Structures are given as structure tokens and as C-alpha cells.
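Colleague: Fold the following for me, if possible:
(one chain, ligands or ions: 1)
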Amino acid sequence: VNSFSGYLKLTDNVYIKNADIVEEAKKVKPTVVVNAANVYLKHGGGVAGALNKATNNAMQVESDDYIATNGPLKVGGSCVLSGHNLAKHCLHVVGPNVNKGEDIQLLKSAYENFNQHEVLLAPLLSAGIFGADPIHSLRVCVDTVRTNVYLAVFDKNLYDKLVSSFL
Ligand SMILES: COC(=O)[C@]1(CO)CCN(c2ncnc3[nH]c4cc(F)ccc4c23)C1
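Modeller: Numbering: from 1, shown residues only. Pasting the structure now:
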């Protein structure tokens, strides 16, 4: 038993809700919140800009030190950093950005990072400003993640569509 509430169950291990991940994170304090990161951990907009704003820019400060030490992430890769006031940990995962021409097949590799964590609160990778089809992203999520994932979908219209079209 865990503290996530109001989710619809899609599969044995995947759950979905219409929610603001920042507010969902603020109430649940999950062990892991996933950020829709880029390779530079520049949290300017989308989910990343919202999560970072909710941390009063502490996420960005921590991220800049991470990059200065380690260099950029790989597309499809991830790193674990602090969850600040939102979660114990933040798993920064880089899905491919279609608006940069990145290979959508890397989306499966991106979701594989979730399997290193037993339970996660997450957005749909490569959705939103990353330019992928959220329905495809949901399919890859279901077919790749084996751990327990609670997907927060900000847009109510999109949430309803994802549910109605789910196979
Ligand atoms: C149509 O696709 C989308 O909604 C996205 C657009 O890039 C992709 C994923 N995403 C989010 N997903 C779950 N919670 C979210 N809270 C947010 C707060 C913000 F200020 C901005 C975005 C989100 C957000 C936004």
C-alpha cells in the first residue's frame, strides 16, 4: 500500500491521473519524482521548469554543479539528484526531443531508467514541449517499465484521450 490517490489503473504496474506533477509531488512526497530533463539539466520550461520553480531554483543550482563535475547526460540517460521539497530524490531522465531531431527509438532507453526504482511519480517522457506523441509515449512506458509508475498528466483533455485510446 502507498499514498497515491485517484489514479486509474492501466496495467499491473502503470497508473495514470490528471494532475499537476508539482502539486502531486508536493502532497505525496514520493521517494522518486521523474523530471523531463535535457542533457544539460537546463530546467527552463515544461515539466522541468515547473519542478525547478517549485524548488525556488535549488534544483537548477544543484544541477549546474552536477554538470560542471560530470558533463552532460546522454539522450536516453538519467541521473539521480535531490528531490528538494518535492520528493526524496529526483530522477532526471532525458527523453528524445523531437523538436531537436532526436531518435524516437531512444524513448525506450529513457523509460528503462525507471526500472531502477521500485515506485515513481513521473510525467510522460518526450511529451509536451519535447514534441513526441503522448499516446506513443504511454505505449512505450507500459511496454518498458516493470516497476510501479504513477503518471501525472497535466492537461485534462490529453488525459481523457490517453485513457480512451488505451489498448
Ligand atoms: C501536452 O503535454 C504536456 O502537458 C507537457 C508539455 O511539455 C509534457 C509533459 N508536461 C507536464 N506533465 C505533467 N505535469 C505537469 N505540470 C506542469 C507544469 C508546467 F508549468 C508545465 C508542464 C507541466 C506538466 C507538460
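Colleague: How about the backbone phi and psi for residue 92?
Modeller: Main-chain dihedrals, residue 92, degrees, to the nearest 10: phi -80, psi 110.
Colleague: roughly how far apart are it and residue 48?
Modeller: Distance of residue 92 to residue 48, computed by CB to CB, to the nearest Å: 8 Å. The way it works is simple: take the backbone N, C-alpha and C, and place the C-beta from them, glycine included.
Colleague: and stretch 97-112, anywhere near the ligand?
Modeller: No - Stretch 97-112 lies out of reach of the ligand by CB under 6 Å from any ligand atom, never closer than 10.2 Å.
Colleague: just stretch 125-142 next, same as before
Modeller: Yes - shown here: stretch 125-142 in contact with the ligand (CB under 6 Å from any ligand atom) through 127-129, 134.
Colleague: got the contact list for that stretch?
Modeller: 10-11, 14, 16, 34, 36, 45-47, 93, 95-99, 104, 107-108, 110-111, 114, 124, 149, 151, 153-154, 158, 161-162, 165-167 (CB atoms under 8 Å, 6 or more residues apart in numbering).
Colleague: Next: stretch 25-35.
Modeller: With CB under 8 Å, 6+ apart as the contact definition, stretch 25-35 has outside contacts at 3-4, 21, 43, 47-48, 51, 54, 59, 83, 85-93, 114, 117-123, 125, 150.
Colleague: for this structure, what's the longest helix?
Modeller: Scanning the chain for the longest helix, with DSSP state H as the assignment, gives helix 58-70.
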